[PDB]
């Protein structure tokens, strides 16, 4: 069990965020 | 003659495209610019009654449209702009209007003075 | 027709009625785009009266020129700007209708007489988008603009 | 052969796999599960001094506040940025 | 049947012909973008 | 259009992204039209992949 999947969250939100961090870099 | 030739062409070009002005939200910048300019020039041909204009005043108004200074202004505000703009240039800039008629054209110096009057005036008007 | 055609020049104000408008239930069936008056002049009726009247005629002429295009291509093709002026124009068309005292036997509605001030105000407000939230029908066959507002509540429940 | 593509770009039609987790792939993947990725790129087109700046900004976002998964979203952004400075 | 009616229809269908032509070319600008972008998304959608 | 005949708005004008598929998935065979040529067309993470594929086609 991961920290993001505690209150929430799906892997889709996880992926979405990581993807955006790569574009912003 | 120095301003009417351009207005004639830009309106003619606009007429080929005007049909999809309310339907051409996607098309490329070139045909978007034709519509933007043409709609503006169309507003500049509107005139109230009982106040016919001196030629210098006519060319000063057509100058503002054709050199693009009104391309960002909301079309529905143009008539209101012109009334106030013309009243301002007549009241205060009678030297400029005289020069336009003196020279028989809008010179570089007249173009410079017109650019500063119009661009600053427009900023205040669309506040 | 030579008879009415020749009559126009003899008038100062013309009210032109239309079967195409009457057939929609819009009474009185006045064509807003074919009726004129010598005194429709900003110097005579004041600039506020003139501006609202010209504004009304513009929105109605704009809608009339679009009607046939959107009857085929669909309302959905219009920008939010165009479809806003469609909805507004259709409300203005309806607010132009009015129940007449002499027409109670035809309308089923009590007659209404509307002061000039209220007429001007009502159309001004519709043009400004002040009733964009109200249903089209609230504007049909009423007197003053307050009755349209009142009708909107009545048409709800 | 190994097909390596993001939704927008295709690179190939030995390979490294980070578990997906934001990490290096040498013949960078943001996430996902041929390896499917949301953002798969070079390596050449990552910058970098902005990844360090984006890391420092995300760590400044964290001292809120407060409500779980906001929070979690910031730590994800921190993990992603850490694994970007780590990459180049 | 009336010249009035036909004149109205002619105005209407001239607008439509110019607009539908504009829509065929706007869609061309959109489909040219869509077909190129469909390339990578096709091999990607395999999994 | 899918809801007016029978929910998401603002689809089709701009080209669809995986970000569009993510928005749909986060809210929760798939039925779409597959491009052939100018004329012809036919009717956790990998779940967002399948919404995206049906968007691009």
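Residue numbering for chain E follows Swiss-Prot; the residues present correspond to positions 26-72, in that order.
From the backbone N, Cα and C atoms, a Cβ is placed for every residue, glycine too.
Per Swiss-Prot, the features are:
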MOD_RES   E:39  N6-acetyllysine
MOD_RES   E:49  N6-succinyllysine
MOD_RES   E:55  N6-acetyllysine
Nearest-integer angstrom distance between the alpha carbons (Cα) of residue E:39 (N6-acetyllysine) and residue E:55 (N6-acetyllysine): 24
Residue E:39 (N6-acetyllysine): secondary structure state under DSSP, collapsed to three categories: helix
The one of E:49, E:55 whose CB sees the fewest other CB atoms within 10 Å, among these modified residues: E:49
Distance [Cα-Cα, Å, rounded] between residue E:55 (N6-acetyllysine) and residue E:49 (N6-succinyllysine): 10
